[PDB]
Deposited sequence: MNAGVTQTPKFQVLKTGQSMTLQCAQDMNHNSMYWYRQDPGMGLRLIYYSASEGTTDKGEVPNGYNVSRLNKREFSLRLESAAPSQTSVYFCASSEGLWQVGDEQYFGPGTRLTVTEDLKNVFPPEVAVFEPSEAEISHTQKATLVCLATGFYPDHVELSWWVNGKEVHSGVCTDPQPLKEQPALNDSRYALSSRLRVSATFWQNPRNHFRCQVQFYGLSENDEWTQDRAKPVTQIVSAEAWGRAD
């Protein structure tokens, strides 16, 4: 329906960037919103040839290129523009009952220094023997720790297949230092299986954290590894 690129982005203060948005629904009207911990209209485009400021236009620019595409531009990013950005479209904002379809959104983080970006450390913690004895069930825990920005996706893979049954992931990464603006984050998930499942040594449990970070384009001078968009996994094996 409504596509947005990129889905994730970390910028240095003062850098520029454009968020791209496309609808294949032949709508006239398109919008750009930001959402902060609701929705505020940045700018809108009522039809192909025109654009107009929304509630919070300061710091942004937009092109209505063609009927199909509506770009949002951040001239020079400021920390305050850290936010979730949603593109939307509608058949025509002048009609009674006009319905808006949202794009998936773009989580954008602005920091003073790209040295604050870190991929997650990932570890799998094995079921307690006491849990296994008491319940005849076994709960694994995956921890992703030390990452920034909080742009991660966690999934569980058992024997080469992605699983949802028995899985709980925290809705939200928590801040390791809630006071700090550059706090690094942590995310936990559980995966619970039967005792006999865990006790099969052939069973393979893999926690997979997708991290989104710096692009290839971004410049790195720090002694440590360039914190790029990457996947990190941690693994466990069954034990009788």
Missing C-alpha runs, given along the deposited sequence, first residue counted as 1: 1 to 3, 41 to 42, 246
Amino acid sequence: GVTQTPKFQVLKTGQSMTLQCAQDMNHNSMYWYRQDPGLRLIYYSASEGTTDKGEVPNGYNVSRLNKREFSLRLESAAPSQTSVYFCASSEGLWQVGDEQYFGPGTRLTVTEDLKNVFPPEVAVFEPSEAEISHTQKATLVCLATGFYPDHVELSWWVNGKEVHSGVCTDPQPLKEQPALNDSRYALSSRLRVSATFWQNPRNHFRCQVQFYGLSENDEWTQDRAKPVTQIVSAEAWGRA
From here on, numbers count along this sequence of modelled residues.
Selected stretch [higher average CA B-factor]: 148 to 156 or 125 to 133: 125 to 133
Which is higher on mean Cα B factor in this entry, 214 to 222 or 12 to 20? 214 to 222
Which of these has the highest Cα B-factor in the record: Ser188, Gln35, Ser47, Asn66? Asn66
Relative C-alpha B-factor of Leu41, binned into the chain's lowest, middle or highest third: lowest
Rank-wise, by C-alpha B-factor, drop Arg202 into the lowest, middle or highest third of its chain. highest
When the modelled residues of the chain are sorted by Cα temperature factor, does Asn28 land in the lowest, middle or highest third? lowest
Of the three thirds of the chain ranked by Cα temperature factor, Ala138 occupies the lowest
Entry-reported C-alpha B-factor of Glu75 relative to its chain, by third, is highest
